[PDB]
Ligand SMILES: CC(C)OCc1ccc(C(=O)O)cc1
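This document opens with one chain alone, in structure tokens, the form solved without the ligand.
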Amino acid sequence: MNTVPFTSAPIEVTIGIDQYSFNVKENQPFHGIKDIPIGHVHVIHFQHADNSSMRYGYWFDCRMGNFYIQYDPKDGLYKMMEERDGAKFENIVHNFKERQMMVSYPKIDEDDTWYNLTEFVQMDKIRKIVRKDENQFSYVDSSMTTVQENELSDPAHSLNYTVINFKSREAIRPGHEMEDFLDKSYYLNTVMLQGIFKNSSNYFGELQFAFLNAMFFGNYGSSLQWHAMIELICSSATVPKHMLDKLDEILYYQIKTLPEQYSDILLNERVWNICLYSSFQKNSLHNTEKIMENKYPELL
């Protein structure tokens, strides 16, 4: 079990750690988050009481170092930082716990939600999407745009998801125009799985990370990217059996976890109705289909 300390909480903020969120008052004695489960990535994120625009946050894995939070009054945001002095960091954490200034990562033992949302998400892959290589942790916010979004402006601040475009030379073999446009299995299995992602786990990790940034920051290009990768599987007639079974599980917990009031912007009607009802895989997502119908029958 690991800890992320906070130097102070100088401004009123809502703090989220994974799918949990606490309200913190201006200069309330908040000194951090404890009992964070080892073995998964995590995300700590912020929404200031005063500017409900720009949700921002940090992805991190506590196995990769000791991390803490500290408000910066010049840039006006809670910053993540790494403490390289191991003894200095344990000492801080121990004193804060003793004073009981820390909330506890509030996991229920029965609960596999977080695992199920982050199964394939790996901190090294995240750091290739969010390229900031002096830090072991990764900042994202509402407003960051994707590489693909920029093609249609600041590169250092972009989210470098793998570009997917159904109407490109990349996706469309010359001479198989009709075939590959209607049956993307070539594009999926040879181009993306074998060529770029290397395996389905990395593909699945990108998909899960896209979804989580759309959900936690309202990052629209992350939402576009999540839908794109679902659409690419769903529109392929030939998909490994193991991947289809895993996708149903992935999407199931993604749909389960979405806040009810956000289904309008975060879920793309066209993609889902096609995936669940028109696509080659219409019959391969039994749990995803059952939860979508009982929870969002309106979209469909």
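Shifts are known only where both forms have a C-alpha. Start at 1 and count along the sequence shown; that's the residue number. For clarity, a rigid core is taken as the largest C-alpha set superposing within 1.5 Å between two forms.
One more form of this protein exists, namely the form solved in complex with the ligand; it is left out here, but the text below deals with it.
*Asks:* With a 4.5 Å heavy atom cut-off, would you call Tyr68 a contact of the ligand in the bound PDB entry?
*Replies:* Result yes; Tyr68 sits at the interface with the ligand in the bound PDB entry.
*Asks:* Any of the heavy atoms of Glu179 lying within 4.5 Å of the ligand in the bound PDB entry?
*Replies:* No, no contact at 4.5 Å.
*Asks:* Flag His31 as yes or no: does it have a non-hydrogen atom within 4.5 angstroms of any non-hydrogen atom of the ligand in the bound PDB entry?
*Replies:* Yes - in the bound PDB entry, heavy atoms of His31 and the ligand come within 4.5 Å of each other.
*Asks:* Classify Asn2 as contacting or not contacting the ligand in the bound PDB entry by the rule of any non-hydrogen atom within 4.5 angstroms, answering yes or no.
*Replies:* Outside the cut-off, so no.
*Asks:* For the stretch 82-111, I need every residue with any heavy atom inside 4.5 Å of the ligand in the bound PDB entry, listed N to C.
*Replies:* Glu83, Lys88, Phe89, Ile92, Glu98, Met102, in sequence order.
*Asks:* Rigid core superposed, please list the runs of 3+ consecutive shared residues whose C-alphas all move by 2 Å or more between this form and the one not shown.
*Replies:* Shifted run of three or more residues, which all move 2 Å or more: only 96-99.
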